[PDB]
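S.K.: Below: one structure in structure tokens.
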């Protein structure tokens, strides 16, 4: 449960990122939007 | 064998000592580790 809370904190950090605070890297975007959505399913 | 002090004008005893160490596994499992986890969440 401690590990899941840490995971939830990280996922909320990922969710609430904005252009004015972070830069969406193209390798990161391509990995998490094209590869892993296909792999998981 | 404990002897009493000399009387200018307590009784002699035989004393058995037990130096014993606690085995703290129960408190490590039940108190310390959850406290570490809660501190990690507080970070």
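Protein chains in written order, with the UniProt record's numbering: chain A, 319 to 359; chain B, 218 to 226, 232 to 265.
Backbone N, C-alpha and C fix where the C-beta goes; we use that ideal spot for every residue, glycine too.
#1: Judging by CA-CA distance, which residue of B/254, B/258, B/221 is the nearest neighbour of residue 236 of chain B?
#2: Any Cβ of chain B within less than 8 Å of the Cβ of residue 341 of chain A?
#3: Find out if the Cβ-Cβ distance for the pair residue 231 of chain B, residue 320 of chain A is shorter than 8 Å.
#4: Going by DSSP, what residues sit across from residue 219 of chain B in a beta bridge?
#5: Where does the unbroken alpha helix (DSSP H) through residue 242 of chain B begin, and where does it stop?
#6: Over what stretch of residues does the alpha helix (DSSP H) that includes residue 252 of chain B continue unbroken?
#7: What is the DSSP secondary structure of residue 340 of chain A, reduced to helix, strand or coil?
#8: Anything in chain B within Cβ reach of residue 323 of chain A, meaning under 7 Å, just list it in chain order.
M.R.: Answer, in terms of the structure:
#1: B/221
#2: no
#3: Along chain B, the last residue before the gap is 226 and the first after it is 232, so residue 231 of chain B carries no coordinates.
#4: B/235
#5: No alpha helix (DSSP H) holds residue 242 of chain B; DSSP gives it neither H nor E.
#6: Counting along the chain, residue 252 of chain B falls outside any alpha helix (DSSP H), and DSSP gives it neither H nor E.
#7: coil
#8: 263
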